[PDB]
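Structure file coords.txt with compact mmCIF, C-alpha atoms:
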# COMPACT_ATOMS: atom_id res chain seq x y z
CA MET A 1 75.55 110.24 107.55
CA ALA A 2 78.12 107.66 108.60
CA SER A 3 80.78 106.43 106.19
CA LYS A 4 79.59 103.73 103.81
CA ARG A 5 81.47 100.43 104.04
CA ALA A 6 82.76 98.11 101.33
CA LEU A 7 83.93 94.50 101.42
CA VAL A 8 86.35 93.49 98.66
CA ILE A 9 86.91 89.72 98.58
CA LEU A 10 90.44 88.88 97.45
CA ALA A 11 91.28 85.37 96.24
CA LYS A 12 94.35 83.83 94.66
CA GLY A 13 94.28 84.51 90.93
CA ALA A 14 92.28 87.71 91.28
CA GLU A 15 92.99 90.32 88.60
CA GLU A 16 95.11 92.81 90.57
CA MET A 17 94.05 95.85 88.52
CA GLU A 18 90.38 95.00 89.08
CA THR A 19 91.12 94.74 92.80
CA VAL A 20 93.28 97.84 93.34
CA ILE A 21 91.33 100.31 91.19
CA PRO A 22 88.05 99.79 93.06
CA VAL A 23 89.75 99.79 96.48
CA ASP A 24 91.71 102.96 95.67
CA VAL A 25 88.83 104.87 94.07
CA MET A 26 86.41 103.93 96.87
CA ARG A 27 88.85 105.08 99.54
CA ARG A 28 89.26 108.31 97.59
CA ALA A 29 85.46 108.51 97.98
CA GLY A 30 85.64 108.37 101.78
CA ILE A 31 84.32 104.81 101.79
CA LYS A 32 85.69 102.49 104.50
CA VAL A 33 87.10 99.59 102.50
CA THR A 34 88.11 96.18 103.85
CA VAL A 35 90.25 93.98 101.60
CA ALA A 36 89.41 90.50 102.86
CA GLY A 37 91.50 87.48 101.96
CA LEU A 38 89.31 84.54 100.99
CA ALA A 39 91.89 82.00 102.17
CA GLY A 40 92.96 83.88 105.27
CA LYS A 41 95.12 86.83 106.28
CA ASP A 42 98.20 85.80 104.26
CA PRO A 43 99.39 87.71 101.15
CA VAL A 44 97.52 86.92 97.95
CA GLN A 45 99.27 86.16 94.68
CA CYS A 46 97.16 87.75 91.93
CA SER A 47 96.73 86.79 88.26
CA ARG A 48 99.81 88.68 87.08
CA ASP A 49 101.82 87.81 90.20
CA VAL A 50 101.31 91.12 92.01
CA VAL A 51 101.23 90.19 95.71
CA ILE A 52 98.70 92.01 97.88
CA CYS A 53 98.35 91.80 101.66
CA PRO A 54 94.68 91.79 102.69
CA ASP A 55 93.48 93.97 105.56
CA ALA A 56 92.03 90.89 107.22
CA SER A 57 90.81 87.36 106.55
CA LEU A 58 87.32 87.00 105.07
CA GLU A 59 86.51 84.89 108.12
CA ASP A 60 87.12 87.90 110.37
CA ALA A 61 85.83 90.65 108.07
CA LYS A 62 82.66 88.59 107.65
CA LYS A 63 81.96 89.16 111.34
CA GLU A 64 82.19 92.94 110.97
CA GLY A 65 79.28 93.36 108.57
CA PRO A 66 77.01 94.53 107.21
CA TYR A 67 78.63 96.24 104.22
CA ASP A 68 76.94 98.68 101.86
CA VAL A 69 78.61 96.85 98.99
CA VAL A 70 80.35 93.53 98.41
CA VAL A 71 82.85 93.72 95.56
CA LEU A 72 83.96 90.73 93.50
CA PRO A 73 87.03 91.41 91.36
CA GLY A 74 87.66 89.38 88.22
CA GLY A 75 90.40 87.16 86.91
CA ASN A 76 89.40 83.65 85.81
CA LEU A 77 91.14 81.76 88.62
CA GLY A 78 90.15 84.34 91.21
CA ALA A 79 86.50 84.14 90.16
CA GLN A 80 86.57 80.34 90.27
CA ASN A 81 87.85 80.42 93.86
CA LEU A 82 85.05 82.85 94.73
CA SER A 83 82.52 80.58 92.99
CA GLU A 84 83.64 77.56 95.00
CA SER A 85 83.60 79.26 98.40
CA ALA A 86 80.75 78.43 100.77
CA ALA A 87 81.70 81.52 102.79
CA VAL A 88 81.20 83.71 99.71
CA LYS A 89 77.88 82.01 98.94
CA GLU A 90 76.63 82.91 102.42
CA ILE A 91 77.91 86.49 102.31
CA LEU A 92 76.28 87.13 98.93
CA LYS A 93 72.94 85.57 99.87
CA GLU A 94 72.78 87.64 103.06
CA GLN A 95 73.73 90.79 101.13
CA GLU A 96 71.04 90.07 98.56
CA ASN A 97 68.53 89.44 101.35
CA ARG A 98 69.54 92.74 103.03
CA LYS A 99 68.94 94.51 99.72
CA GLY A 100 72.60 95.50 99.69
CA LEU A 101 74.71 96.33 96.63
CA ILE A 102 76.73 93.58 94.97
CA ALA A 103 79.36 94.58 92.41
CA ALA A 104 81.29 92.18 90.17
CA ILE A 105 83.66 92.75 87.25
CA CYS A 106 85.15 90.72 84.38
CA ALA A 107 84.83 87.03 85.30
CA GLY A 108 83.66 88.07 88.76
CA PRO A 109 79.96 87.95 87.82
CA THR A 110 80.22 84.20 87.17
CA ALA A 111 80.44 83.84 90.95
CA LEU A 112 76.91 85.26 91.16
CA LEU A 113 75.79 82.45 88.87
CA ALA A 114 77.56 79.84 91.00
CA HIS A 115 75.76 81.13 94.08
CA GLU A 116 72.41 81.72 92.36
CA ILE A 117 72.56 85.46 93.01
CA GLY A 118 70.36 88.04 91.30
CA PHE A 119 68.83 85.72 88.70
CA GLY A 120 66.75 87.68 86.21
CA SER A 121 69.11 90.67 86.30
CA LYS A 122 70.61 92.32 83.23
CA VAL A 123 74.38 91.83 83.49
CA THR A 124 77.65 92.16 81.63
CA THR A 125 80.98 90.37 81.94
CA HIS A 126 84.28 90.19 80.13
CA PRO A 127 83.48 89.05 76.57
CA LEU A 128 85.33 85.77 77.21
CA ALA A 129 83.18 85.05 80.27
CA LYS A 130 79.79 85.55 78.58
CA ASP A 131 79.12 81.90 77.74
CA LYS A 132 79.93 80.79 81.28
CA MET A 133 77.73 83.54 82.75
CA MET A 134 74.85 82.77 80.39
CA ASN A 135 74.77 79.02 81.04
CA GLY A 136 71.10 78.30 81.71
CA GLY A 137 69.94 81.73 80.57
CA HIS A 138 69.43 82.89 84.16
CA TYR A 139 70.50 86.44 83.28
CA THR A 140 70.03 88.77 80.32
CA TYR A 141 73.34 89.81 78.77
CA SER A 142 74.50 93.35 78.07
CA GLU A 143 77.49 94.86 76.28
CA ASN A 144 77.45 98.10 78.27
CA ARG A 145 80.84 98.85 79.87
CA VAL A 146 79.07 99.08 83.21
CA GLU A 147 75.65 97.55 83.83
CA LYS A 148 73.49 98.22 86.87
CA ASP A 149 70.20 96.41 87.34
CA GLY A 150 68.95 97.35 90.78
CA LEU A 151 71.39 96.10 93.39
CA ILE A 152 73.44 94.03 90.92
CA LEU A 153 76.24 96.10 89.38
CA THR A 154 78.58 94.51 86.83
CA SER A 155 81.42 95.56 84.53
CA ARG A 156 83.53 94.07 81.71
CA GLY A 157 87.28 94.23 82.36
CA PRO A 158 90.47 95.98 83.51
CA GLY A 159 89.73 98.82 81.10
CA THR A 160 86.30 99.39 82.64
CA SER A 161 87.54 99.28 86.25
CA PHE A 162 87.48 103.05 86.78
CA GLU A 163 83.93 103.32 85.40
CA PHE A 164 82.97 100.31 87.56
CA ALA A 165 84.51 101.89 90.66
CA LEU A 166 82.95 105.31 90.05
CA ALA A 167 79.58 103.62 89.54
CA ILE A 168 79.89 102.05 92.99
CA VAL A 169 80.84 105.45 94.41
CA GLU A 170 77.82 107.08 92.76
CA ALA A 171 75.49 104.39 94.14
CA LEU A 172 76.82 104.77 97.68
CA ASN A 173 77.77 108.45 97.98
CA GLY A 174 76.01 110.14 95.07
CA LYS A 175 76.82 111.69 91.71
CA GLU A 176 78.46 114.79 93.21
CA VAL A 177 81.07 112.83 95.16
CA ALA A 178 81.67 110.53 92.19
CA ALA A 179 82.35 113.59 90.03
CA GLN A 180 84.67 115.13 92.64
CA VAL A 181 86.64 111.90 92.94
CA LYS A 182 86.78 111.46 89.17
CA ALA A 183 88.38 114.80 88.20
CA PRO A 184 91.80 114.23 89.85
CA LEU A 185 92.06 110.82 88.16
CA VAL A 186 92.68 112.38 84.75
CA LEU A 187 90.28 110.01 82.99
CA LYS A 188 89.37 110.51 79.33
CA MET B 1 115.07 88.34 70.92
CA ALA B 2 115.26 87.59 74.64
CA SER B 3 112.44 88.99 76.77
CA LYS B 4 112.75 92.67 77.67
CA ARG B 5 113.12 93.52 81.36
CA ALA B 6 111.47 96.21 83.47
CA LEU B 7 112.35 97.62 86.89
CA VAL B 8 109.44 99.16 88.79
CA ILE B 9 110.62 101.06 91.88
CA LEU B 10 108.05 100.82 94.68
CA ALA B 11 108.22 103.25 97.60
CA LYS B 12 105.92 103.95 100.53
CA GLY B 13 103.15 106.32 99.49
CA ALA B 14 103.28 105.22 95.86
CA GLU B 15 99.99 105.38 93.95
CA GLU B 16 98.92 101.70 93.90
CA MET B 17 96.95 101.94 90.65
CA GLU B 18 99.92 103.55 88.91
CA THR B 19 102.08 100.69 90.17
CA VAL B 20 99.83 97.70 89.48
CA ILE B 21 98.50 98.72 86.05
CA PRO B 22 101.98 99.07 84.50
CA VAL B 23 103.24 95.87 86.17
CA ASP B 24 100.18 93.91 85.09
CA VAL B 25 100.08 95.21 81.52
CA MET B 26 103.83 94.75 81.01
CA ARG B 27 103.62 91.16 82.22
CA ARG B 28 100.73 90.63 79.82
CA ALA B 29 103.20 91.83 77.18
CA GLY B 30 105.68 89.08 78.03
CA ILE B 31 108.01 91.56 79.72
CA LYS B 32 109.97 90.26 82.73
CA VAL B 33 109.00 92.70 85.46
CA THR B 34 110.71 93.18 88.81
CA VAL B 35 108.80 95.06 91.50
CA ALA B 36 111.64 96.42 93.62
CA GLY B 37 111.01 97.83 97.08
CA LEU B 38 112.92 101.05 97.67
CA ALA B 39 113.25 100.55 101.44
CA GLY B 40 113.91 96.84 101.19
CA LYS B 41 112.02 93.59 100.69
CA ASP B 42 109.22 94.33 103.17
CA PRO B 43 105.60 95.00 102.09
CA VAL B 44 104.92 98.55 100.94
CA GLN B 45 101.99 100.64 102.16
CA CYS B 46 100.75 102.61 99.15
CA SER B 47 98.96 105.99 99.03
CA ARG B 48 95.49 104.52 99.52
CA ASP B 49 96.67 101.86 101.97
CA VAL B 50 96.87 98.96 99.52
CA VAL B 51 99.81 96.85 100.72
CA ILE B 52 102.02 95.33 98.02
CA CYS B 53 104.86 92.84 98.53
CA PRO B 54 107.79 93.64 96.21
CA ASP B 55 109.52 90.86 94.28
CA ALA B 56 112.81 91.96 95.80
CA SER B 57 114.60 94.88 97.43
CA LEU B 58 115.92 97.63 95.16
CA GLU B 59 119.33 96.86 96.63
CA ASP B 60 119.18 93.36 95.17
CA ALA B 61 117.27 94.12 91.96
CA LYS B 62 119.82 96.86 91.25
CA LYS B 63 122.47 94.14 90.95
CA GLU B 64 120.45 92.27 88.32
CA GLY B 65 120.48 95.00 85.70
CA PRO B 66 120.42 96.31 83.14
CA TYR B 67 116.71 96.88 82.51
CA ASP B 68 115.14 97.93 79.24
CA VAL B 69 112.95 100.33 81.20
CA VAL B 70 112.94 101.84 84.67
CA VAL B 71 109.41 102.70 85.79
CA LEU B 72 108.58 105.40 88.35
CA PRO B 73 104.99 105.28 89.60
CA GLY B 74 103.39 108.41 91.01
CA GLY B 75 101.77 109.41 94.26
CA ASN B 76 103.13 112.55 95.91
CA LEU B 77 104.74 110.86 98.90
CA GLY B 78 106.00 107.95 96.81
CA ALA B 79 107.56 110.38 94.33
CA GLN B 80 109.16 112.33 97.18
CA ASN B 81 110.80 109.15 98.48
CA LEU B 82 112.14 108.33 95.01
CA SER B 83 113.42 111.91 94.70
CA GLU B 84 115.33 111.65 97.98
CA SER B 85 116.93 108.28 97.21
CA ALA B 86 120.62 108.17 96.29
CA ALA B 87 120.07 104.63 94.99
CA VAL B 88 117.39 105.89 92.60
CA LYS B 89 119.65 108.75 91.47
CA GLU B 90 122.38 106.27 90.47
CA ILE B 91 119.97 103.88 88.77
CA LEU B 92 118.43 106.66 86.69
CA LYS B 93 121.77 108.16 85.70
CA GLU B 94 123.06 104.75 84.57
CA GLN B 95 119.88 104.14 82.59
CA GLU B 96 120.14 107.53 80.90
CA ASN B 97 123.82 106.87 80.15
CA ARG B 98 122.94 103.42 78.75
CA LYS B 99 120.42 105.14 76.49
CA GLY B 100 117.73 103.12 78.27
CA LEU B 101 114.04 103.99 78.59
CA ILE B 102 112.82 105.80 81.70
CA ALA B 103 109.07 106.03 82.31
CA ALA B 104 107.41 108.12 85.03
CA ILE B 105 103.76 108.93 85.73
CA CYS B 106 101.76 111.50 87.73
CA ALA B 107 104.13 113.00 90.32
CA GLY B 108 106.73 110.40 89.40
CA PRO B 109 108.46 112.65 86.87
CA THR B 110 109.38 115.14 89.61
CA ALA B 111 111.94 112.50 90.64
CA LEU B 112 113.61 113.03 87.25
CA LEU B 113 113.96 116.69 88.19
CA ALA B 114 115.41 115.80 91.59
CA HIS B 115 118.08 113.67 89.92
CA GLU B 116 118.62 116.03 86.97
CA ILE B 117 117.46 113.40 84.49
CA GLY B 118 116.44 114.17 80.91
CA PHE B 119 116.71 117.96 81.14
CA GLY B 120 115.51 119.52 77.91
CA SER B 121 112.84 116.88 77.32
CA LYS B 122 109.18 117.59 76.67
CA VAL B 123 107.27 116.07 79.59
CA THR B 124 103.87 115.84 81.24
CA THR B 125 102.80 115.23 84.84
CA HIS B 126 99.65 115.23 86.92
CA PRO B 127 98.24 118.79 86.64
CA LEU B 128 98.92 119.31 90.36
CA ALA B 129 102.60 118.41 89.94
CA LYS B 130 103.27 120.76 87.02
CA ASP B 131 104.68 123.66 89.07
CA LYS B 132 107.02 121.33 90.94
CA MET B 133 108.23 119.71 87.71
CA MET B 134 108.69 123.07 85.98
CA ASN B 135 110.72 124.69 88.77
CA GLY B 136 113.70 126.20 86.96
CA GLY B 137 112.30 125.59 83.47
CA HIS B 138 114.49 122.53 82.88
CA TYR B 139 111.74 120.78 80.89
CA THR B 140 109.11 121.89 78.38
CA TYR B 141 105.59 121.07 79.58
CA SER B 142 102.94 119.09 77.73
CA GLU B 143 99.27 118.32 78.38
CA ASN B 144 99.24 115.12 76.32
CA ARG B 145 97.95 112.13 78.32
CA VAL B 146 101.18 110.33 77.43
CA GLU B 147 104.32 112.21 76.37
CA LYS B 148 107.38 110.54 74.87
CA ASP B 149 110.48 112.53 74.03
CA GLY B 150 113.18 110.06 73.07
CA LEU B 151 113.98 107.82 76.03
CA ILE B 152 111.94 109.86 78.54
CA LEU B 153 108.32 108.70 78.68
CA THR B 154 105.82 110.43 80.97
CA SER B 155 102.11 110.36 81.79
CA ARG B 156 99.55 112.29 83.85
CA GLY B 157 97.68 110.13 86.34
CA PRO B 158 95.69 107.04 87.41
CA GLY B 159 93.36 107.49 84.45
CA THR B 160 96.25 107.54 81.99
CA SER B 161 97.99 104.48 83.47
CA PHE B 162 96.75 102.07 80.79
CA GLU B 163 97.89 104.40 77.99
CA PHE B 164 101.18 104.89 79.87
CA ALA B 165 101.70 101.13 80.22
CA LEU B 166 100.76 100.39 76.61
CA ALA B 167 103.21 103.06 75.46
CA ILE B 168 105.97 101.30 77.39
CA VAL B 169 104.92 98.02 75.78
CA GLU B 170 104.95 99.59 72.32
CA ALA B 171 108.43 101.06 72.89
CA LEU B 172 109.86 97.72 74.06
CA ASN B 173 107.92 95.08 72.12
CA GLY B 174 106.38 96.99 69.22
CA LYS B 175 102.95 98.19 68.11
CA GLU B 176 101.60 94.74 67.19
CA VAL B 177 102.15 93.35 70.69
CA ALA B 178 100.77 96.51 72.32
CA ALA B 179 97.63 96.12 70.21
CA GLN B 180 97.35 92.40 71.05
CA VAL B 181 97.69 93.10 74.77
CA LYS B 182 95.26 96.02 74.58
CA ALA B 183 92.26 94.19 73.07
CA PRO B 184 91.42 91.92 76.05
CA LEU B 185 91.60 94.85 78.48
CA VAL B 186 88.30 96.22 77.17
CA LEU B 187 89.57 99.80 77.04
CA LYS B 188 87.43 102.59 75.59
If you convert what's in this file into structure tokens, what do you get?
Amino acid sequence: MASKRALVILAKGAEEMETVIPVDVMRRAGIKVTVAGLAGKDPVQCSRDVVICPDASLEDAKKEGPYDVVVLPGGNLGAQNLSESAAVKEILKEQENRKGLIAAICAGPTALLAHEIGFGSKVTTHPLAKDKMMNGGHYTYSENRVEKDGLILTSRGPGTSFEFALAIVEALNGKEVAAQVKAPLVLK
Amino acid sequence: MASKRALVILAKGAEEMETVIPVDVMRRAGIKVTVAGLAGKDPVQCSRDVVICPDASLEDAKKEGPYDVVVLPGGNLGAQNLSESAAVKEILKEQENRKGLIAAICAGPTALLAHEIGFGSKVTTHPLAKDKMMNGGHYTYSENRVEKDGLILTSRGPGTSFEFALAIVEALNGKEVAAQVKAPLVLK
């Protein structure tokens, strides 16, 4: 096999923990991860002011597809920026069409709603984002810490980030690798 | 009470999750956090290549003390850099003298050993850093996910970062605030 590839879309206001945990854990899994800045290549100021420098602009990373998984971190403001981006809409639709994995956490899943992605899927979100996600009843809600309905994988919050990340790893590289990567993390 | 202040020392090779989780959670707790770059004010390349821009250089942040807590993230190479820094040695000694809290996670506590900080304390580390930390028997080892012996607070790894951060919050702002901050994180 070749190394699986992941696209993590980073926007201003993104929840930094929900961005870094998946990127870190996936790289620990041997996955080639690209942190793409929605607004460009400049540093991104996250929800709790942690400043992260993306690997490239989404505009450029978008031209290096396809990715085995597109990851949408949470954070209310970050998710809203994702929801309003035409570039994100296109990337997600193409990924869905390719039958590729789409993973979103916390408020991140509300971007799927905005772009009419995976309607009919069972999904979860941060408790405070449920109403927004369920507007129209286009999805069926779940309270599972991590929910995976086919190629739509969602999670609830910062505290579920490791489970979310390991779920992505399992989907891309298998249960054995996920387990190997998990042990050194010292998770409960 | 004025807001408590935290100094997080960020060095190349630092474990990004162990840096961001404590910074994020502490800021959620109303703590004024300063991410200080060991080598200066330039972006720092972490262990899994996540690039973080510090709020200021350690040189400058050092002059804005004192801090209610000095935080040492893990990551073998990051910890090594902290252990070799004369600036870190002075900061830690002052903090210990001031009877101020010192928190280190994963391999981070081996920097306490390097600077002869808190000898005699019960501590924990990432399992793989135990031998290094115990060289000379200057500390008593613990397998608790979070260990707090007086003003020396330690933790084991990425998966214990939330517990580690919430323990810092509890020590500085109390149990009520720690509980309030914890709820929205959706922790197990």
For chain A, which residues have at least one atom within 10 Å of chain B, if we go by all atoms listed in the file? Write them as a PyMOL selection string, please.
chain A and resi 15-28+33+35+43-55+106+126-128+145+156-162+182-188
Find, counting only C-alpha atoms, the residue in A:144, A:154, A:34, A:95 that gets nearest to residue 9 of chain A.
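For residue 9 of chain A, the nearest of the candidates is A:34.
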Figure out the distance between atom CA of residue 153 of chain B and atom CA of residue 65 of chain B, please, to one decimal in Å.
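For atom CA of residue 65 of chain B relative to atom CA of residue 153 of chain B, the distance reads 19.6 Å.
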For residue 99 of chain B, list every protein, DNA or RNA residue within 10 Å, evaluated using all atoms listed in the file, and leave out those in the same chain fewer than 2 positions away; present the list as a short mmCIF file (atom, residue, chain, number, x, y, z; two decimals) with C-alpha atoms, in the frame of the given file.
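Generated file (out_3.cif):
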data_model
loop_
_atom_site.label_atom_id
_atom_site.label_comp_id
_atom_site.auth_asym_id
_atom_site.auth_seq_id
_atom_site.Cartn_x
_atom_site.Cartn_y
_atom_site.Cartn_z
CA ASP B 68 115.14 97.93 79.24
CA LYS B 93 121.77 108.16 85.70
CA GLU B 94 123.06 104.75 84.57
CA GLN B 95 119.88 104.14 82.59
CA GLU B 96 120.14 107.53 80.90
CA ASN B 97 123.82 106.87 80.15
CA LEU B 101 114.04 103.99 78.59
CA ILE B 102 112.82 105.80 81.70
CA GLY B 150 113.18 110.06 73.07
CA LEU B 151 113.98 107.82 76.03
CA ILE B 152 111.94 109.86 78.54
#
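Taking all atoms listed in the file into account, residue 129 of chain A lies nearest to A:77 out of the set A:84, A:89, A:77, A:177.
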B:86, B:123, B:29, B:139: which is nearest residue 176 of chain B, counting all atoms listed in the file?
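Selected residue with least distance to residue 176 of chain B: B:29.
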Which of A:70, A:82, A:112, A:2 sits closest to residue 98 of chain A [using all atoms listed in the file]:
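Smallest distance to residue 98 of chain A is found for A:70.
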Just to confirm, what's the straight-line distance from atom CA of residue 125 of chain A to atom CA of residue 180 of chain A in Å (one decimal)?
27.2 Å
